[PDB]
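Worksheet for the structure shown next.
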Amino acid sequence: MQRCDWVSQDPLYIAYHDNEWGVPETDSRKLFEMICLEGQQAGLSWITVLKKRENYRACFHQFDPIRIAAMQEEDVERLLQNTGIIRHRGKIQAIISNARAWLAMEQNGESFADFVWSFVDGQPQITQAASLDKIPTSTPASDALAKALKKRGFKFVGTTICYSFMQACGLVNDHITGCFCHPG
DNA sequence: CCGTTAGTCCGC
DNA sequence: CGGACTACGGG
Ligand SMILES: Cn1cnc(N)c2ncnc1-2
Ligand code: NA
Ligand SMILES: [Zn+2]
């Protein structure tokens with residue numbers, strides 16, 4: 001089975017690639033979880049975060065924004081000691097900030113899913129790249145999404161993070177042409 | 001440019 | 001073994 005260049009031999013990474021990455025996600029809560037996990041990747045490899053994803057789901061209340069938004073300074077200082085996540089105060093606080101930011105949107109008219117999908121025009125763009133070096137790391141759309149998220153109070157959401165989120169949640173489909181998951 | 005994680009790599 | 005190095009926040 002030929003797969004994208006970034007997939008290691010780790011079966012956890014293989015299942016994530018085959019079953020989740022690039023598959024259009026339209027659920028607001030799932031999208032919220034993914035923008036949070038992409039921010040947790042900053043400066044690190046994605047596999048580090050993926051391997052910890054079950055720990056994140058346990059520590060952050062299955063990414064239910066109401067439960068997250070109720071977390072306090074004491075929770076942050078507790079999580080800073082938890083070796084199952086990334087022990088970085090700014091990143092832990094970012095998940096809490098992001099949950100409050102999502103609530104401020106959703107209690108006030110704006111679907112997070114409608115909002116992120118507004119940065120793509122119709123069907124997800126399918127890459128024409130045969131190799132990872134020909135796939136962009138950010139685009140005009142990811143630039144726009146990052147700027148809009150920051151305006152709305154989100155943290156750890158720059159253009160490169162936003163583009164990786166777009167790939168992951170299938171707002172673009174960046175499976176290389178030779179990958180068995182490419183919609184060839 | 002400087003600071004940071006977790007993890008890899010490299011030199012002593 | 002300890003240090004360098006490695007997409008944000010910062011100055
Ligand atoms: C290589 N890769 C695969 N999947 C994700 N969700 C990523 N975020 C950053 N880098 C990523
Ligand atoms: Na759209
Ligand atoms: Zn692929």
Side-chain angles (χ1 to χ4, degrees), chain A residues 3-17 20-22 25 30-61 63 65 68-69 71-72 75-102 104-105 112 115-116 119-120 127 129 131-172 174 176:
Chain A
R3 292 180 174 88
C4 289
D5 302 315
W6 46 265
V7 185
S8 75
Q9 301 275 81
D10 182 341
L12 176 95
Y13 210 171
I14 290 173
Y16 171 76
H17 165 270
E20 299 179 67
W21 193 84
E25 178 56 68
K30 291 182 141 46
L31 292 159
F32 168 72
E33 171 168 340
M34 280 292 337
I35 194 58
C36 282
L37 286 178
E38 295 294 341
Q40 298 304 292
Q41 181 265 350
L44 300 181
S45 59
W46 170 249
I47 189 56
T48 300
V49 178
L50 183 64
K51 291 178 308 179
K52 292 169 180 290
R53 177 169 66 174
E54 295 308 312
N55 299 157
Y56 273 96
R57 294 163 165 176
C59 290
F60 293 92
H61 304 118
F63 289 87
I68 292 172
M71 294 174 86
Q72 299 300 127
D75 299 297
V76 165
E77 303 303 301
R78 180 174 50 79
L79 291 168
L80 272 168
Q81 295 303 126
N82 189 136
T83 59
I85 58 165
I86 292 150
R87 298 172 289 171
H88 176 305
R89 185 176 289 113
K91 283 182 171 175
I92 293 162
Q93 288 175 335
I95 290 179
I96 300 166
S97 293
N98 286 175
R100 293 176 179 149
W102 188 99
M105 293 169 68
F112 190 68
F115 167 77
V116 304
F119 295 85
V120 0
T127 188
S131 69
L132 182 59
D133 62 291
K134 299 288 201 278
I135 290 173
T137 55
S138 58
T139 64
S142 73
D143 287 346
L145 172 59
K147 180 181 190 327
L149 287 169
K150 283 160 126 90
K151 176 167 175 161
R152 287 167 175 74
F154 288 76
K155 307 290 188 132
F156 279 77
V157 290
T159 192
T160 297
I161 284 165
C162 282
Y163 190 69
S164 295
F165 162 77
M166 291 172 61
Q167 292 176 315
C169 292
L171 280 68
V172 300
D174 274 348
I176 53 171

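Chain letters run A, B, ... following the sequence lines, proteins first and then strands; every chain starts at 1. Side-chain atoms are counted along with the backbone in the values below, which use heavy atoms only and exclude waters and symmetry mates.
- Near DNA chain B, meaning a heavy atom under 4.0 Å from it, residues 157-168 of chain A has no residue at all.
- Classified by interplanar angle (parallel below 30°, tilted 30° to 60°, perpendicular above 60°), the ring pair A:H17/A:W6 is perpendicular.
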Below 3.5 Å, can you tabulate the donor-acceptor pairs from side chains in residues 134-141 of chain A to any protein atom, sequence neighbours excluded?
| residue | atom | partner | partner atom | Å |
| --- | --- | --- | --- | --- |
| A:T139 | OG1 | A:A141 | N | 3.3 |
| A:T139 | OG1 | A:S142 | N | 3.1 |

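- Taking CG of A:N98 as the reference point, atom CD1 of A:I35 lies at 7.5 Å (rounded to 0.5 Å).
- Considering only residues two or more places apart in sequence or on other chains, A:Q40 meets the side-chain hydrogen bond (donor to acceptor under 3.5 Å, both in side chains) condition with A:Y56.
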In B/S/- notation (B base, S sugar-phosphate only, - none; protein heavy atoms under 4.0 Å), nucleotides 2-9 of chain B written 5' to 3' is ---BBS--
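- Using a 4.5 Å heavy-atom cutoff, the side chains of A:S131 and A:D5 are in contact.
- For DNA chain C, if you chain together Watson-Crick or G-U pairs that step i with j, i+1 with j-1 and so on, the runs of at least three with distances under 3.5 Å are B:1-4 with C:7-10, B:6-11 with C:1-6.
- The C1'-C2'-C3'-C4' torsion of C:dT6 is positive, which assigns its sugar to the north, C3'-endo side.
- Taking the ring-ring contact (aromatic ring centres under 6.0 Å, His included) definition, one finds that A:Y163 meets it with nothing, sequence neighbours left out.
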Compile the donor-acceptor pairs under 3.5 Å between side chains in residues 9-16 of chain A and protein atoms, sequence neighbours left out, one pair per line.
| residue | atom | partner | partner atom | Å |
| --- | --- | --- | --- | --- |
| A:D10 | OD1 | A:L12 | N | 3.1 |

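- Under the 4.0 Å criterion applied to side-chain N and carboxylate O atoms, A:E33 and A:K30 are not assigned as salt-bridge partners.
- A:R87 contributes no side-chain N or O that, together with a main-chain N or O of A:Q81, makes up a donor-acceptor pair within less than 3.5 Å.
- Protein chain A contacts DNA chain C over a range whose 5' and 3' limits, counting nucleotides with an atom under 4.0 angstrom from a non-hydrogen atom, are C:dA7 to C:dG9.
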Let me check something: any side-chain donor-acceptor pairs from residues 42-49 of chain A under 3.5 Å, sequence neighbours excluded? List them with distances.
| residue | atom | partner | partner atom | Å |
| --- | --- | --- | --- | --- |
| A:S45 | OG | A:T48 | OG1 | 2.9 |

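- Judged by distance alone, the side chain of A:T127 and the main-chain N or O of A:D174 form no donor-acceptor pair under 3.5 Å.
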Stepwise side chain to side chain contact (heavy atoms under 4.5 Å, CB included) check, A:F165 with A:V157 = CA-CA 9 Å; A:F165 162 77; A:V157 290; over 6 Å; no
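- For B:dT8, the torsion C1'-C2'-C3'-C4' is below zero, which places the sugar in the south, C2'-endo range.
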Residues 144-156 of chain A, side-chain donor-acceptor partners within the protein, below 3.5 Å, at least two apart:
| residue | atom | partner | partner atom | Å |
| --- | --- | --- | --- | --- |
| A:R152 | NE | A:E110 | OE1 | 3.1 |
| A:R152 | NH1 | A:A148 | O | 3.0 |

Determine, stepwise, if the pair A:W102 / A:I68 fulfils side chain to side chain contact (heavy atoms under 4.5 Å, CB included).
-> CA-CA 11 Å; A:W102 188 99; A:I68 292 172; over 6 Å; no
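- The same atom, P, is picked in B:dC12 and in C:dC5; the two are 14 Å apart, to the nearest Å.
- A heavy-atom distance below 4.0 Å to DNA chain C is reached by these residues of residues 148-156 of chain A, ordered by number: A:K150, A:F156.
- Under the rule for a ring-ring contact (aromatic ring centres under 6.0 Å, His included), A:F63 has no partner lying at least two apart in sequence or in another chain.
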